[PDB]
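> Take this structure first; my questions come after.
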Amino acid sequence: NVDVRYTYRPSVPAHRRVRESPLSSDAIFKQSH
């Protein structure tokens, strides 16, 4: 519901629900290691 991204090319939404917890959302940091 919180779609306020219009200043770049966002791959996918980290979360679009009240009770969600995807993996890719954390993978963003996994790239660091």
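Chain identifiers are assigned as A, B, and so on, following the order in which chains appear in the structure tokens; residues are numbered from 1 within each chain, and ligands are numbered from 1 in order of appearance.
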Determine, counting only C-alpha atoms, which protein, DNA and RNA residues have an atom within 9 Å of an atom of residue 25 in chain A; residues of the same chain fewer than 4 positions away are not included. Present the result as a PyMOL selection string.

chain A and resi 12-15+21+29

> Output the selection as a PDB file, in the first residue's frame - C-alpha atoms for each residue.


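Saved result, out.pdb, follows:
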```pdb
ATOM      1  CA  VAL A  12      10.425  -5.233  -5.986  1.00  0.00           C
ATOM      2  CA  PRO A  13       8.547  -4.070  -2.862  1.00  0.00           C
ATOM      3  CA  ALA A  14      10.180  -5.168   0.392  1.00  0.00           C
ATOM      4  CA  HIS A  15       6.684  -5.644   1.812  1.00  0.00           C
ATOM      5  CA  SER A  21       8.462 -11.057   5.892  1.00  0.00           C
ATOM      6  CA  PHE A  29      22.267  -6.701   2.604  1.00  0.00           C
TER       7      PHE A  29
END
```

> How many Å separate CA of residue 26 in chain A from CA of residue 11 in chain A?

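These atoms are spaced 13.5 Å apart.
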
> Suppose you want the space between CA of residue 8 in chain A and CA of residue 32 in chain A; what is it in Å?

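Calculated distance between CA of residue 8 in chain A and CA of residue 32 in chain A is 21.0 Å.
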
> Would you mind reading off the distance between CA of residue 31 in chain A and CA of residue 6 in chain A, one decimal, in Å?

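Separation between CA of residue 31 in chain A and CA of residue 6 in chain A: 23.9 Å.
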